[PDB]
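Data from upload.pdb: PDB, C-alpha atoms
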```pdb
ATOM      1  CA  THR V   1     124.742 197.720   2.072
ATOM      2  CA  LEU V   2     124.957 195.385   5.048
ATOM      3  CA  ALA V   3     121.150 195.436   5.225
ATOM      4  CA  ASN V   4     120.554 193.935   1.741
ATOM      5  CA  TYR V   5     123.235 191.333   2.369
ATOM      6  CA  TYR V   6     121.444 190.305   5.576
ATOM      7  CA  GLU V   7     118.027 190.486   3.888
ATOM      8  CA  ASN V   8     119.320 188.206   1.164
ATOM      9  CA  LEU V   9     120.678 185.955   3.928
ATOM     10  CA  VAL V  10     117.247 185.635   5.587
ATOM     11  CA  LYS V  11     115.785 184.475   2.274
ATOM     12  CA  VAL V  12     118.563 181.975   1.680
ATOM     13  CA  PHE V  13     118.212 180.484   5.142
ATOM     14  CA  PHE V  14     114.456 180.282   4.808
ATOM     15  CA  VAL V  15     114.630 178.191   1.631
ATOM     16  CA  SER V  16     117.495 176.062   3.036
ATOM     17  CA  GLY V  17     115.610 174.770   6.039
ATOM     18  CA  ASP V  18     118.035 176.281   8.503
ATOM     19  CA  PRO V  19     115.396 178.374  10.392
ATOM     20  CA  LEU V  20     117.678 179.293  13.300
ATOM     21  CA  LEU V  21     120.054 181.047  10.880
ATOM     22  CA  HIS V  22     116.944 182.616   9.309
ATOM     23  CA  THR V  23     115.775 184.295  12.518
ATOM     24  CA  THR V  24     119.458 185.004  13.271
ATOM     25  CA  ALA V  25     120.059 186.885  10.021
ATOM     26  CA  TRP V  26     116.732 188.609  10.736
ATOM     27  CA  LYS V  27     118.111 189.884  14.045
ATOM     28  CA  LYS V  28     121.321 191.025  12.346
ATOM     29  CA  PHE V  29     119.200 193.014   9.881
ATOM     30  CA  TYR V  30     117.011 194.413  12.676
ATOM     31  CA  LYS V  31     119.918 195.852  14.667
ATOM     32  CA  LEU V  32     120.968 197.654  11.468
ATOM     33  CA  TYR V  33     117.455 198.925  10.835
ATOM     34  CA  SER V  34     117.403 200.174  14.449
ATOM     35  CA  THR V  35     120.659 202.100  13.935
ATOM     36  CA  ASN V  36     119.068 203.561  10.824
ATOM     37  CA  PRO V  37     116.857 206.668  11.137
ATOM     38  CA  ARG V  38     114.465 205.869   8.248
ATOM     39  CA  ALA V  39     112.725 203.899  10.968
ATOM     40  CA  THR V  40     108.981 203.704  10.779
ATOM     41  CA  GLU V  41     107.592 202.271  14.007
ATOM     42  CA  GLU V  42     105.385 199.967  11.912
ATOM     43  CA  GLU V  43     108.341 198.321  10.222
ATOM     44  CA  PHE V  44     109.520 197.663  13.771
ATOM     45  CA  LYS V  45     106.275 195.950  14.733
ATOM     46  CA  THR V  46     106.190 193.953  11.494
ATOM     47  CA  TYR V  47     109.883 192.944  11.657
ATOM     48  CA  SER V  48     109.830 192.144  15.373
ATOM     49  CA  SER V  49     106.595 190.134  15.042
ATOM     50  CA  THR V  50     108.124 188.423  11.990
ATOM     51  CA  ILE V  51     111.319 187.554  13.899
ATOM     52  CA  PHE V  52     109.523 186.208  16.969
ATOM     53  CA  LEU V  53     107.065 184.154  14.872
ATOM     54  CA  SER V  54     110.076 182.723  13.017
ATOM     55  CA  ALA V  55     111.515 181.569  16.340
ATOM     56  CA  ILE V  56     108.225 180.077  17.607
ATOM     57  CA  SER V  57     107.651 178.150  14.382
ATOM     58  CA  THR V  58     111.200 176.795  14.446
ATOM     59  CA  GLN V  59     111.465 173.008  14.428
ATOM     60  CA  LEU V  60     112.447 171.309  17.673
ATOM     61  CA  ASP V  61     116.185 170.713  18.044
ATOM     62  CA  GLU V  62     117.202 167.433  16.479
ATOM     63  CA  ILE V  63     120.240 166.054  18.246
ATOM     64  CA  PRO V  64     122.728 165.123  15.471
ATOM     65  CA  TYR V  65     129.745 166.609  11.309
ATOM     66  CA  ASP V  66     128.495 170.212  11.333
ATOM     67  CA  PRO V  67     128.353 171.860   7.872
ATOM     68  CA  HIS V  68     126.955 175.143   9.211
ATOM     69  CA  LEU V  69     130.396 176.159  10.545
ATOM     70  CA  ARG V  70     131.192 178.881   7.969
ATOM     71  CA  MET V  71     127.626 180.161   8.359
ATOM     72  CA  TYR V  72     128.120 180.380  12.129
ATOM     73  CA  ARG V  73     131.334 182.242  11.338
ATOM     74  CA  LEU V  74     129.675 184.485   8.780
ATOM     75  CA  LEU V  75     126.934 185.360  11.309
ATOM     76  CA  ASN V  76     129.275 185.746  14.297
ATOM     77  CA  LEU V  77     127.800 182.844  16.243
ATOM     78  CA  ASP V  78     130.458 181.031  18.266
ATOM     79  CA  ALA V  79     128.345 177.941  18.847
ATOM     80  CA  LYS V  80     125.419 176.029  17.366
ATOM     81  CA  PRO V  81     122.272 178.053  18.048
ATOM     82  CA  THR V  82     119.414 176.602  20.065
ATOM     83  CA  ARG V  83     115.684 177.032  19.627
ATOM     84  CA  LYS V  84     115.073 177.649  23.344
ATOM     85  CA  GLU V  85     117.932 180.184  23.407
ATOM     86  CA  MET V  86     116.798 181.990  20.241
ATOM     87  CA  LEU V  87     113.355 182.418  21.763
ATOM     88  CA  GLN V  88     114.887 183.543  25.070
ATOM     89  CA  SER V  89     117.264 186.017  23.348
ATOM     90  CA  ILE V  90     114.261 187.562  21.583
ATOM     91  CA  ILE V  91     112.128 187.697  24.748
ATOM     92  CA  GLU V  92     114.872 189.409  26.777
ATOM     93  CA  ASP V  93     115.622 191.893  23.978
ATOM     94  CA  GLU V  94     113.247 194.795  24.598
ATOM     95  CA  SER V  95     114.264 196.464  21.318
ATOM     96  CA  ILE V  96     112.523 193.550  19.597
ATOM     97  CA  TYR V  97     110.016 192.182  22.131
ATOM     98  CA  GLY V  98     108.432 195.573  22.859
ATOM     99  CA  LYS V  99     107.376 195.744  19.211
ATOM    100  CA  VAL V 100     106.005 192.193  19.015
ATOM    101  CA  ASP V 101     102.247 191.814  18.466
ATOM    102  CA  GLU V 102     100.586 190.459  21.614
ATOM    103  CA  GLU V 103      99.018 187.585  19.625
ATOM    104  CA  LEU V 104     102.478 186.041  19.242
ATOM    105  CA  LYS V 105     103.117 186.414  22.977
ATOM    106  CA  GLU V 106      99.784 184.725  23.665
ATOM    107  CA  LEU V 107     100.853 182.032  21.186
ATOM    108  CA  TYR V 108     104.220 181.612  22.902
ATOM    109  CA  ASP V 109     102.519 181.153  26.261
ATOM    110  CA  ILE V 110     100.084 178.578  24.828
ATOM    111  CA  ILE V 111     102.636 176.297  23.144
ATOM    112  CA  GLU V 112     105.877 176.897  25.048
ATOM    113  CA  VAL V 113     105.020 177.550  28.707
ATOM    114  CA  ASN V 114     101.535 176.107  29.184
ATOM    115  CA  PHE V 115     101.092 173.381  26.569
ATOM    116  CA  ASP V 116      98.312 170.841  27.051
ATOM    117  CA  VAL V 117      97.182 168.548  24.213
ATOM    118  CA  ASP V 118      93.738 168.449  25.834
ATOM    119  CA  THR V 119      93.335 172.240  25.531
ATOM    120  CA  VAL V 120      95.247 173.462  22.428
ATOM    121  CA  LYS V 121      92.420 173.595  19.831
ATOM    122  CA  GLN V 122      90.170 175.757  21.981
ATOM    123  CA  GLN V 123      93.048 178.093  22.869
ATOM    124  CA  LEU V 124      94.498 178.426  19.353
ATOM    125  CA  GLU V 125      91.022 178.677  17.865
ATOM    126  CA  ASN V 126      90.251 182.411  17.720
ATOM    127  CA  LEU V 127      93.892 183.452  18.108
ATOM    128  CA  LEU V 128      94.688 181.966  14.697
ATOM    129  CA  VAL V 129      91.752 183.921  13.275
ATOM    130  CA  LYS V 130      93.415 187.097  14.529
ATOM    131  CA  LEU V 131      96.828 185.952  13.289
ATOM    132  CA  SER V 132      95.364 185.183   9.863
ATOM    133  CA  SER V 133      94.915 188.959   9.502
ATOM    134  CA  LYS V 134      98.677 189.474   9.741
ATOM    135  CA  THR V 135     100.818 189.966   6.645
ATOM    136  CA  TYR V 136     103.867 188.260   8.209
ATOM    137  CA  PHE V 137     101.851 185.178   9.093
ATOM    138  CA  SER V 138     101.205 183.062   6.008
ATOM    139  CA  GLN V 139     104.794 181.998   5.340
ATOM    140  CA  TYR V 140     105.251 180.554   8.809
ATOM    141  CA  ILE V 141     101.960 178.677   8.768
ATOM    142  CA  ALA V 142     103.634 175.473   7.548
ATOM    143  CA  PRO V 143     106.481 175.340  10.075
ATOM    144  CA  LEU V 144     104.258 176.598  12.942
ATOM    145  CA  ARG V 145     101.666 173.894  12.258
ATOM    146  CA  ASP V 146     104.562 171.404  12.119
ATOM    147  CA  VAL V 147     105.907 172.292  15.566
ATOM    148  CA  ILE V 148     102.544 172.218  17.385
ATOM    149  CA  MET V 149     101.596 168.825  15.965
ATOM    150  CA  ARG V 150     105.063 167.671  16.950
ATOM    151  CA  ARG V 151     104.235 168.859  20.505
ATOM    152  CA  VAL V 152     100.940 167.027  20.149
ATOM    153  CA  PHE V 153     102.660 163.802  19.064
ATOM    154  CA  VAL V 154     105.337 163.431  21.769
ATOM    155  CA  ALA V 155     102.702 164.342  24.373
ATOM    156  CA  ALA V 156     100.621 161.589  22.772
ATOM    157  CA  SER V 157     103.626 159.205  22.731
ATOM    158  CA  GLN V 158     103.481 159.433  26.508
ATOM    159  CA  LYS V 159      99.731 159.325  26.969
ATOM    160  CA  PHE V 160      98.979 156.298  24.776
ATOM    161  CA  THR V 161     100.037 152.745  24.081
ATOM    162  CA  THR V 162      97.406 151.839  21.481
ATOM    163  CA  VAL V 163      94.841 154.375  20.297
ATOM    164  CA  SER V 164      92.493 154.702  17.329
ATOM    165  CA  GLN V 165      93.683 156.800  14.415
ATOM    166  CA  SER V 166      90.348 158.576  14.740
ATOM    167  CA  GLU V 167      91.029 159.778  18.279
ATOM    168  CA  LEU V 168      94.722 160.338  17.569
ATOM    169  CA  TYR V 169      94.297 162.376  14.367
ATOM    170  CA  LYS V 170      91.281 164.261  15.673
ATOM    171  CA  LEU V 171      93.510 165.166  18.609
ATOM    172  CA  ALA V 172      96.372 166.219  16.310
ATOM    173  CA  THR V 173      94.055 168.182  13.960
ATOM    174  CA  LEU V 174      94.703 171.787  14.893
ATOM    175  CA  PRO V 175      92.164 174.573  14.254
ATOM    176  CA  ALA V 176      91.915 177.347  11.670
ATOM    177  CA  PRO V 177      94.601 177.377   9.004
ATOM    178  CA  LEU V 178      96.821 174.837  10.776
ATOM    179  CA  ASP V 179      94.264 172.202   9.775
ATOM    180  CA  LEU V 180      95.602 169.142   7.934
ATOM    181  CA  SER V 181      93.691 166.257   6.406
ATOM    182  CA  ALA V 182      93.971 162.783   7.938
ATOM    183  CA  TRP V 183      96.575 161.554   5.419
ATOM    184  CA  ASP V 184      98.816 164.575   6.077
ATOM    185  CA  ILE V 185      98.419 163.984   9.793
ATOM    186  CA  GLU V 186      99.467 160.346   9.335
ATOM    187  CA  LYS V 187     102.463 161.521   7.286
ATOM    188  CA  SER V 188     103.454 164.174   9.803
ATOM    189  CA  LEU V 189     103.359 161.400  12.412
ATOM    190  CA  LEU V 190     105.539 159.102  10.238
ATOM    191  CA  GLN V 191     107.925 162.031   9.901
ATOM    192  CA  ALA V 192     108.184 162.503  13.668
ATOM    193  CA  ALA V 193     108.897 158.748  13.725
ATOM    194  CA  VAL V 194     111.927 158.907  11.419
ATOM    195  CA  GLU V 195     113.239 161.904  13.403
ATOM    196  CA  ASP V 196     113.224 159.546  16.397
ATOM    197  CA  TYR V 197     110.905 161.814  18.409
ATOM    198  CA  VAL V 198     108.525 158.885  18.518
ATOM    199  CA  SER V 199     108.405 155.113  17.923
ATOM    200  CA  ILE V 200     105.174 153.854  16.362
ATOM    201  CA  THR V 201     103.222 151.247  14.392
ATOM    202  CA  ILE V 202     100.814 152.686  11.837
ATOM    203  CA  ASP V 203      98.365 151.414   9.168
ATOM    204  CA  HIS V 204      97.302 148.368  11.114
ATOM    205  CA  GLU V 205      94.146 146.924   9.549
ATOM    206  CA  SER V 206      92.522 147.795  12.864
ATOM    207  CA  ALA V 207      92.953 151.473  11.903
ATOM    208  CA  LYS V 208      94.962 152.084  15.069
ATOM    209  CA  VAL V 209      98.372 153.418  16.034
ATOM    210  CA  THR V 210     100.633 151.851  18.641
ATOM    211  CA  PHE V 211     103.056 154.064  20.534
ATOM    212  CA  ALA V 212     106.033 152.084  21.675
ATOM    213  CA  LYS V 213     108.682 152.627  24.330
TER     214      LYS V 213
END
```
Represent the supplied structure as structure tokens.
Amino acid sequence: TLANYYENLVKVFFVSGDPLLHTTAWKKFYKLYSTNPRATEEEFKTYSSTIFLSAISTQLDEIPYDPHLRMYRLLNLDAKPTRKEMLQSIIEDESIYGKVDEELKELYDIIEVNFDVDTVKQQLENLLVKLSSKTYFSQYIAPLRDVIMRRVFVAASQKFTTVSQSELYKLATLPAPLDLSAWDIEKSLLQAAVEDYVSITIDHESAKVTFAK
């Protein structure tokens, strides 16, 4: 079966940390499932919502040889996939996007098209309560929380020079199950630092953070 081989591929790519190949293999499985006539409409909604959520919660494109080449080949990509393009390919594919739960579309709008650090918590607040009722949701909690805080941090890198950790972390503390403690928030920030999305200065005795250039 080509289905099981793709299924297996989505698992592999999920544990590898190559999320773009994960949602890609998902799409390759979905086309198959759509050809198939054992189609329940609910599997469609679950799979489509799963796929789209995978794309939303995908890490922002680091700009980096390429060791994904045989995987690109295996999956019939001809170039390195892009987060923005994956999301776009899903949005413009009505076979998928017509089955996507509207909570994920609301979510997409909030973090991709109308992001504001000064409004995110209030907007995400009850939405995440709804999303926490979804069965496809829990396993993307970690990468989704990671991408929004990343959004929060670069937006912060441009708003602040020197700011208290209290105001910074309170600002980066997302609602509902995307909540992280202060030490995790400081680590997530140090992570964004080493990925060169940000240049900082951290555990100053003054309990402050200093965003650089």
Exercise for the section: Check what the PyMOL selection byres ((chain V and resi 55) around 9) selects in the file above and give those residues as a VMD selection string. Expected result: chain V and resid 19 to 20 22 to 23 50 to 54 56 to 59 83 to 84 86 to 87 90
Handout entry: Interatomic distance, atom CA of residue 16 of chain V to atom CA of residue 68 of chain V (Å, one decimal)
Key =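 We find that atom CA of residue 16 of chain V and atom CA of residue 68 of chain V lie 11.3 Å from each other.
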Can you tell me, as a short mmCIF file (atom, residue, chain, number, x, y, z; two decimals) with C-alpha atoms, keeping the file's coordinate frame, what residues are no more than 9 Å from residue 62 of chain V when counting only C-alpha atoms, ignoring any on the same chain fewer than 5 positions away?
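And here is the file that came out, part27.cif:
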```
data_model
loop_
_atom_site.label_atom_id
_atom_site.label_comp_id
_atom_site.auth_asym_id
_atom_site.auth_seq_id
_atom_site.Cartn_x
_atom_site.Cartn_y
_atom_site.Cartn_z
CA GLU V 195 113.24 161.90 13.40
CA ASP V 196 113.22 159.55 16.40
CA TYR V 197 110.90 161.81 18.41
#
```
Evaluate the PyMOL selection byres ((chain V and resi 143) around 12) and report residues as a short mmCIF file (atom, residue, chain, number, x, y, z; two decimals) with C-alpha atoms, in the frame of the given file:
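Final output, part00.cif:
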```cif
data_model
loop_
_atom_site.label_atom_id
_atom_site.label_comp_id
_atom_site.auth_asym_id
_atom_site.auth_seq_id
_atom_site.Cartn_x
_atom_site.Cartn_y
_atom_site.Cartn_z
CA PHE V 14 114.46 180.28 4.81
CA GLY V 17 115.61 174.77 6.04
CA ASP V 18 118.04 176.28 8.50
CA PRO V 19 115.40 178.37 10.39
CA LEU V 53 107.06 184.15 14.87
CA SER V 54 110.08 182.72 13.02
CA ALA V 55 111.52 181.57 16.34
CA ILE V 56 108.22 180.08 17.61
CA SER V 57 107.65 178.15 14.38
CA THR V 58 111.20 176.80 14.45
CA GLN V 59 111.46 173.01 14.43
CA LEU V 60 112.45 171.31 17.67
CA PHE V 137 101.85 185.18 9.09
CA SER V 138 101.20 183.06 6.01
CA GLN V 139 104.79 182.00 5.34
CA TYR V 140 105.25 180.55 8.81
CA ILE V 141 101.96 178.68 8.77
CA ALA V 142 103.63 175.47 7.55
CA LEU V 144 104.26 176.60 12.94
CA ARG V 145 101.67 173.89 12.26
CA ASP V 146 104.56 171.40 12.12
CA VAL V 147 105.91 172.29 15.57
CA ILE V 148 102.54 172.22 17.39
CA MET V 149 101.60 168.82 15.96
CA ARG V 150 105.06 167.67 16.95
CA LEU V 178 96.82 174.84 10.78
CA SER V 188 103.45 164.17 9.80
#
```
Practice task
Starting from the shown file, work through the PyMOL selection byres ((chain V and resi 112-122) around 8) and note down what comes out as a list in words.
Solution key: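 That expression, the PyMOL selection byres ((chain V and resi 112-122) around 8), corresponds here to residues 108, 109, 110, 111, 123, 124, 125, 126, 151, 152, 155, 156, 171, 174 and 175 of chain V.
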Practice task
Might you pull out every residue within 12 Å of residue 28 of chain V, with only C-alpha atoms counted and same-chain residues fewer than 6 positions away left off, and present them as a list in words?
Solution key: residues 2, 3, 4, 5, 6, 7, 8, 9, 10, 21, 22, 34, 35, 47, 48, 51, 74, 75, 76, 77 and 96 of chain V
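The two atoms in question, atom CA of residue 99 of chain V and atom CA of residue 134 of chain V, are spaced 14.3 Å apart.
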Exercise for the section: Using atom CA of residue 44 of chain V and atom CA of residue 127 of chain V as the two end points, give the distance in Å to one decimal. Expected result: 21.6 Å
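The nearest approach to residue 30 of chain V among the residues V:97, V:65, V:153, V:160, with all atoms listed in the file taken into account, belongs to V:97.
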Problem - Residue with smallest distance to residue 204 of chain V - pool V:24, V:162, V:191, V:173, counting only C-alpha atoms - result: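 Using only C-alpha atoms, residue 204 of chain V sits closest to V:162.
Remark: for residue 207 of chain V, the closest of the candidate residues V:72, V:169, V:100, V:81 is V:169 (distances computed over all atoms listed in the file).
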Practice task
Have a look at V:163, V:106, V:185, V:70 and name the one nearest to residue 210 of chain V; count all atoms listed in the file.
Solution key: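 With all atoms listed in the file as the atom set, the closest residue is V:163.
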Regenerate segment 49-75 of chain V at the level of N, CA, C and O atoms and dump it as an mmCIF file, in the frame of the given file.
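Saved the output as selection-v2.cif:
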```cif
data_model
loop_
_atom_site.group_PDB
_atom_site.id
_atom_site.type_symbol
_atom_site.label_atom_id
_atom_site.label_comp_id
_atom_site.auth_asym_id
_atom_site.auth_seq_id
_atom_site.Cartn_x
_atom_site.Cartn_y
_atom_site.Cartn_z
ATOM 1 N N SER V 49 107.596 191.202 15.087
ATOM 2 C CA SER V 49 106.595 190.134 15.042
ATOM 3 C C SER V 49 107.031 189.010 14.098
ATOM 4 O O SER V 49 106.879 187.825 14.409
ATOM 5 N N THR V 50 107.595 189.386 12.955
ATOM 6 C CA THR V 50 108.124 188.423 11.990
ATOM 7 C C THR V 50 109.235 187.566 12.604
ATOM 8 O O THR V 50 109.207 186.335 12.502
ATOM 9 N N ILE V 51 110.206 188.228 13.231
ATOM 10 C CA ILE V 51 111.319 187.554 13.899
ATOM 11 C C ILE V 51 110.851 186.558 14.974
ATOM 12 O O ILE V 51 111.237 185.376 14.982
ATOM 13 N N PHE V 52 110.011 187.040 15.880
ATOM 14 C CA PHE V 52 109.523 186.208 16.969
ATOM 15 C C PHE V 52 108.723 185.010 16.452
ATOM 16 O O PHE V 52 108.957 183.881 16.883
ATOM 17 N N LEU V 53 107.844 185.235 15.479
ATOM 18 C CA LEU V 53 107.065 184.154 14.872
ATOM 19 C C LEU V 53 107.990 183.133 14.200
ATOM 20 O O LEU V 53 107.716 181.936 14.228
ATOM 21 N N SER V 54 109.074 183.610 13.601
ATOM 22 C CA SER V 54 110.076 182.723 13.017
ATOM 23 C C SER V 54 110.682 181.800 14.065
ATOM 24 O O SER V 54 110.889 180.613 13.808
ATOM 25 N N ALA V 55 110.924 182.344 15.257
ATOM 26 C CA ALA V 55 111.515 181.569 16.340
ATOM 27 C C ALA V 55 110.536 180.561 16.937
ATOM 28 O O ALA V 55 110.918 179.423 17.204
ATOM 29 N N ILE V 56 109.272 180.958 17.084
ATOM 30 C CA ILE V 56 108.225 180.077 17.607
ATOM 31 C C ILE V 56 108.025 178.886 16.670
ATOM 32 O O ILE V 56 107.993 177.734 17.099
ATOM 33 N N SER V 57 107.901 179.174 15.382
ATOM 34 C CA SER V 57 107.651 178.150 14.382
ATOM 35 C C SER V 57 108.897 177.381 13.965
ATOM 36 O O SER V 57 108.884 176.653 12.973
ATOM 37 N N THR V 58 109.965 177.506 14.741
ATOM 38 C CA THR V 58 111.200 176.795 14.446
ATOM 39 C C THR V 58 111.103 175.376 14.967
ATOM 40 O O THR V 58 110.685 175.147 16.098
ATOM 41 N N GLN V 59 111.465 174.427 14.112
ATOM 42 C CA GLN V 59 111.465 173.008 14.428
ATOM 43 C C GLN V 59 112.226 172.720 15.712
ATOM 44 O O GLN V 59 113.184 173.414 16.045
ATOM 45 N N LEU V 60 111.778 171.712 16.446
ATOM 46 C CA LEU V 60 112.447 171.309 17.673
ATOM 47 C C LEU V 60 113.839 170.778 17.361
ATOM 48 O O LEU V 60 114.062 170.192 16.305
ATOM 49 N N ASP V 61 114.779 171.027 18.265
ATOM 50 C CA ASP V 61 116.185 170.713 18.044
ATOM 51 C C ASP V 61 116.423 169.218 17.887
ATOM 52 O O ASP V 61 116.370 168.473 18.868
ATOM 53 N N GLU V 62 116.673 168.772 16.659
ATOM 54 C CA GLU V 62 117.202 167.433 16.479
ATOM 55 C C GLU V 62 118.541 167.377 17.180
ATOM 56 O O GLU V 62 119.233 168.390 17.278
ATOM 57 N N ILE V 63 118.901 166.215 17.709
ATOM 58 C CA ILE V 63 120.240 166.054 18.246
ATOM 59 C C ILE V 63 121.056 165.158 17.316
ATOM 60 O O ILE V 63 120.902 163.937 17.323
ATOM 61 N N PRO V 64 121.917 165.780 16.494
ATOM 62 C CA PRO V 64 122.728 165.123 15.471
ATOM 63 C C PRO V 64 124.167 164.927 15.941
ATOM 64 O O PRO V 64 125.055 164.710 15.116
ATOM 65 N N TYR V 65 129.022 165.368 11.038
ATOM 66 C CA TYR V 65 129.745 166.609 11.309
ATOM 67 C C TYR V 65 128.786 167.796 11.224
ATOM 68 O O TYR V 65 127.599 167.623 10.964
ATOM 69 N N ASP V 66 129.307 169.002 11.427
ATOM 70 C CA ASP V 66 128.495 170.212 11.333
ATOM 71 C C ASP V 66 128.964 170.977 10.102
ATOM 72 O O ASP V 66 130.110 171.417 10.042
ATOM 73 N N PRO V 67 128.068 171.132 9.112
ATOM 74 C CA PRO V 67 128.353 171.860 7.872
ATOM 75 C C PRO V 67 127.838 173.292 7.889
ATOM 76 O O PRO V 67 127.853 173.948 6.843
ATOM 77 N N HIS V 68 127.425 173.769 9.062
ATOM 78 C CA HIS V 68 126.955 175.143 9.211
ATOM 79 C C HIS V 68 128.085 176.047 9.716
ATOM 80 O O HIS V 68 127.884 177.247 9.926
ATOM 81 N N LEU V 69 129.270 175.469 9.908
ATOM 82 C CA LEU V 69 130.396 176.159 10.545
ATOM 83 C C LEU V 69 130.742 177.517 9.923
ATOM 84 O O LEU V 69 130.887 178.501 10.652
ATOM 85 N N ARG V 70 130.869 177.595 8.599
ATOM 86 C CA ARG V 70 131.192 178.881 7.969
ATOM 87 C C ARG V 70 130.011 179.852 8.021
ATOM 88 O O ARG V 70 130.199 181.063 7.925
ATOM 89 N N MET V 71 128.804 179.322 8.198
ATOM 90 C CA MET V 71 127.626 180.161 8.359
ATOM 91 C C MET V 71 127.579 180.737 9.770
ATOM 92 O O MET V 71 127.219 181.906 9.957
ATOM 93 N N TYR V 72 127.958 179.919 10.753
ATOM 94 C CA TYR V 72 128.120 180.380 12.129
ATOM 95 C C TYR V 72 129.145 181.507 12.111
ATOM 96 O O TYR V 72 128.917 182.585 12.667
ATOM 97 N N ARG V 73 130.268 181.256 11.445
ATOM 98 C CA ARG V 73 131.334 182.242 11.338
ATOM 99 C C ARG V 73 130.885 183.530 10.673
ATOM 100 O O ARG V 73 131.110 184.622 11.190
ATOM 101 N N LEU V 74 130.260 183.381 9.518
ATOM 102 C CA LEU V 74 129.675 184.485 8.780
ATOM 103 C C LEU V 74 128.750 185.341 9.660
ATOM 104 O O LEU V 74 128.780 186.567 9.587
ATOM 105 N N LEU V 75 127.953 184.684 10.501
ATOM 106 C CA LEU V 75 126.934 185.360 11.309
ATOM 107 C C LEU V 75 127.397 185.713 12.722
ATOM 108 O O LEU V 75 126.614 186.205 13.537
#
```
